[PDB]
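Working notes, beginning with the structure itself.
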Number of protein chains: 2
Amino acid sequence: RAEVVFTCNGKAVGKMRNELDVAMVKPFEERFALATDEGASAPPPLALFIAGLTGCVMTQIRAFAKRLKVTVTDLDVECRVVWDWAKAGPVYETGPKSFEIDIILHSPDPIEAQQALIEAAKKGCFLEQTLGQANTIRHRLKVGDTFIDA
Amino acid sequence: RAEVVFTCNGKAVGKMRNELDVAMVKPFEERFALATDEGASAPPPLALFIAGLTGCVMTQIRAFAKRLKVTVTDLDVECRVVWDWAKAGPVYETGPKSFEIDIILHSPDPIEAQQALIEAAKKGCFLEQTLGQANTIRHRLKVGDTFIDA
């Protein structure tokens, strides 16, 4: 199994800002400091993906906590995603292997209440709900003035 | 159908750098300039996701083009993703609605060759292969020194 492994350790700061410490772990080790927020050399694509997923989960936890009667302090979310690849003639093909999200709430509330918040956050999180089902991506290729299926 | 809609227009620059012009379109309009690369106020989580997806696709196109005998110039990739939400008691639940990726190669090669490159890029793209299947995300909640399922 040739693997690509990313992790993200997210920490809640400010009102809605999440500071996302992303690392490639395999095939080699690199770190990227990213962030998300709500209100109003570049990293590799999988770093943006894992930061997005971690930030999405964190955002829903933070948005829903008071509504669901949970006090959360110094929220930390740790996410690990594993993919694998295989040779396919002159190129490679890929797929997902595992997704893990560990959540630290520092909450004074019942565990049942904390679980309700995590469940609500899972269903509120656009990206989690996307990842939980198969999706069809329509691809098209420009030819002249038109786009054909590709 | 209450929708959340993001777009990304990606442009290839440099050797592997992709400049990703992301917009929220619904529920309101915001723009974010992002980028990915390979070698060696913060945006919302869905902006990082769509930038990641667009950058992943572009990276595979660029990595595979010469290997598959395709000349690509001034690569541009346009991606549109639509989700929807619905009320669920005191909170909301979400899901994916549509994914569209339009590719502009400016290539002097046969259309069949360009399609082979796009197909190879689809299978090489970690994120496309992730999105094409259902995934299980294991969630855990810290309790004391241990993590329980959540």
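By order of appearance in the structure tokens: chains A, B, ..., then residues from 1 within every chain, and ligands from 1 in the order shown.
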Near residue 60 in chain A, counting only C-alpha atoms, which residues have an atom at most 10 Å away, once you skip same-chain residues fewer than 4 positions from it, shown as a compact mmCIF listing (two decimals) with C-alpha atoms, in the first residue's frame?
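Result file follows (around-v4.txt):
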```txt
# COMPACT_ATOMS: atom_id res chain seq x y z
CA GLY A 55 -12.40 23.99 9.44
CA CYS A 56 -15.90 22.95 8.27
CA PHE A 64 -24.24 24.96 17.09
CA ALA A 65 -22.77 24.69 20.62
CA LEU A 117 -23.45 18.48 19.28
CA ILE A 118 -20.97 16.35 17.29
CA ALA A 120 -25.53 17.85 14.68
CA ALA A 121 -22.17 19.24 13.45
CA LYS A 122 -21.64 16.14 11.24
CA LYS A 123 -24.99 16.68 9.50
CA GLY A 124 -24.50 20.46 9.27
CA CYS A 125 -21.05 20.11 7.78
CA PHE A 126 -21.37 20.41 4.00
CA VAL B 91 -30.13 23.50 13.40
CA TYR B 92 -29.73 22.51 9.71
```
Would you give me, as CSV, each residue of chain A having an atom within 7 Å of an atom of chain B, along with its shortest atom pair and that distance in Å to one decimal, using only C-alpha atoms and sorting by chain and residue number?
```
residue,atom,partner,partner_atom,distance
A:35,CA,B:42,CA,5.7
A:36,CA,B:42,CA,4.8
A:37,CA,B:42,CA,5.1
A:38,CA,B:44,CA,6.0
A:41,CA,B:37,CA,6.9
A:42,CA,B:36,CA,4.8
A:43,CA,B:36,CA,5.1
A:44,CA,B:36,CA,5.1
A:45,CA,B:52,CA,4.3
A:46,CA,B:52,CA,6.2
A:48,CA,B:52,CA,5.1
A:49,CA,B:49,CA,4.9
A:52,CA,B:45,CA,4.3
A:53,CA,B:45,CA,7.0
A:55,CA,B:45,CA,5.4
A:56,CA,B:45,CA,5.3
A:92,CA,B:124,CA,5.6
A:93,CA,B:124,CA,4.5
A:94,CA,B:124,CA,5.5
A:95,CA,B:129,CA,5.3
A:96,CA,B:130,CA,5.3
A:99,CA,B:137,CA,4.8
A:100,CA,B:138,CA,4.8
A:101,CA,B:139,CA,4.8
A:102,CA,B:140,CA,4.7
A:103,CA,B:141,CA,4.9
A:104,CA,B:142,CA,5.3
A:115,CA,B:150,CA,5.6
A:118,CA,B:150,CA,6.7
A:123,CA,B:93,CA,4.9
A:124,CA,B:93,CA,4.5
A:125,CA,B:94,CA,6.7
A:126,CA,B:94,CA,5.5
A:129,CA,B:95,CA,5.3
A:130,CA,B:96,CA,5.3
A:131,CA,B:135,CA,5.6
A:132,CA,B:134,CA,4.9
A:133,CA,B:134,CA,3.9
A:134,CA,B:133,CA,3.9
A:135,CA,B:132,CA,5.0
A:136,CA,B:132,CA,6.3
A:137,CA,B:99,CA,4.8
A:138,CA,B:100,CA,4.8
A:139,CA,B:101,CA,4.8
A:140,CA,B:102,CA,4.7
A:141,CA,B:103,CA,4.9
A:142,CA,B:104,CA,5.3
A:150,CA,B:115,CA,5.6
```
List every residue of range 22-78 of chain A that DSSP, applied to the backbone, labels as strand (DSSP E or B), and write the result as a ChimeraX atom specification.
-> /A:22-26,30-36,76-78
